[PDB]
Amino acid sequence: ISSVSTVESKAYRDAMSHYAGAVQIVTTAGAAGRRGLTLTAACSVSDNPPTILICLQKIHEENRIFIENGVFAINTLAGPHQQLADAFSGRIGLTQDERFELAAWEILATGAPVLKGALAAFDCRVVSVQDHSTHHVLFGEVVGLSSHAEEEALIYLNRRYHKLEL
């Protein structure tokens, strides 16, 4: 099995279009500045201690800001957050500052922007930074937490956004 080729990137992306993802906006703030981006490549690693990972495209050099600040917050998006998901995916242009202006943010522990009205927010300190081909994989220990009882979760699946009732 070590000698066989990996599948084609296109075929893989097409298959991954069948793999739903809860839409997050991952954020950071600190000496390197404030940045956010719409993200689905994240998951929980452990509950003890609470640890989550995110995958950031290397091709966008501004993603280094997360590493430099050594903190990030994962904000789980709800029904009313389509505009924000679009802003933070680069769909509508705008500067980072202009993108943040579109909603109200607060903080938990690290200073990374936490979305008011998020389904959940996980505020993290970076504990591992890894290079995996096209992406940095950052592991974070969860040092701040919020959750709110919103009616719907924002989910990406089959190349479009969906709202799913909790």
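Just count from 1 along the sequence shown to find any residue number.
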property: 110-118 or 93-101, whichever carries the higher mean Cα B-factor; result: 93-101
property: Per the entry, higher mean C-alpha B factor between 156-164 and 4-12; result: 4-12
property: Top residue by Cα temperature factor, when 20, 25, 142, 149 are compared in the entry; result: 149
property: CA B-factor ranking of residue 44, expressed as a third of its chain; result: middle
property: Within-chain third of residue 38 by Cα B-factor, per the entry; result: lowest
property: Third of the chain, ranked by Cα B-factor, where residue 129 sits; result: middle
property: Chain third (lowest, middle, highest) by recorded CA B-factor, residue given as residue 137; result: lowest
property: Where the record places residue 55 (Cα B-factor, split into thirds across the chain); result: lowest
